[PDB]
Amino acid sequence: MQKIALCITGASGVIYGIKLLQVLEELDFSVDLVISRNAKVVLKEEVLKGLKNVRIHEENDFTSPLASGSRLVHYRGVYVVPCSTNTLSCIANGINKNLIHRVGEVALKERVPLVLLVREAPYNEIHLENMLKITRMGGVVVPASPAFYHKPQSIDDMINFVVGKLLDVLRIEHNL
């Protein structure tokens, strides 16, 4: 089973990251998870898990294997779901305030697939240019914009849509 890196930042829509995490486990992926403090509060205002093969890394722990290119090059990809506008900026500018930012920088320099789920509205020029820079650098930017193709009925149907889009980015087969 391959390795996947998943970072969850403090932005509205932390649920997308939870759902993505659950699916990766179900599909038998060894997940290395990074959860920001900002993300912890959000999932509440918006822990005990029976999930398998998940290794958690402290958002402040730069000794983490994920912070080493030599280690990261063996992963199938890196997800930052959801990716706050702040994290988007930090990665686009190479400013590293936490492990998550570092992992983005490592993915970029090691050319490891990097996927971001942005959830903001409206967009200002900075948001657009940061996403453009990520994109031009090989990264993939996915806005949390569910569609109505499949005639969704619940919020759950829209979450799965976005999660399915994220998995398709890395060609991971699924049934959502």
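One rule holds for the numbers: they count along the sequence shown, beginning at 1.
Peer 1: Indicate whether the chain is continuous between residue 46 and residue 47 or, if not, how many deposited residues are absent from the coordinates: none, 1 to 3, 4 to 9, or 10 or more.
Peer 2: Unresolved stretch here: 4 to 9 residues.
Peer 1: Mean CA B-factor: is it higher for 31-39 or for 112-120?
Peer 2: Per the PDB record, 31-39.
Peer 1: If I read the C-alpha B-factors straight from the PDB entry, which of 143, 69, 139, 50 is highest?
Peer 2: Comparing C-alpha B-factors across 143, 69, 139, 50, the top value belongs to 50.
Peer 1: What third of its chain, lowest, middle or highest, does the C-alpha temperature factor of residue 22 fall into?
Peer 2: According to the entry, residue 22 has a C-alpha B-factor in the chain's middle third.
Peer 1: Split the chain's modelled residues into thirds by Cα B-factor; is residue 170 in the lowest, middle or highest one?
Peer 2: For residue 170, the deposited C-alpha B-factor lands in the middle third.
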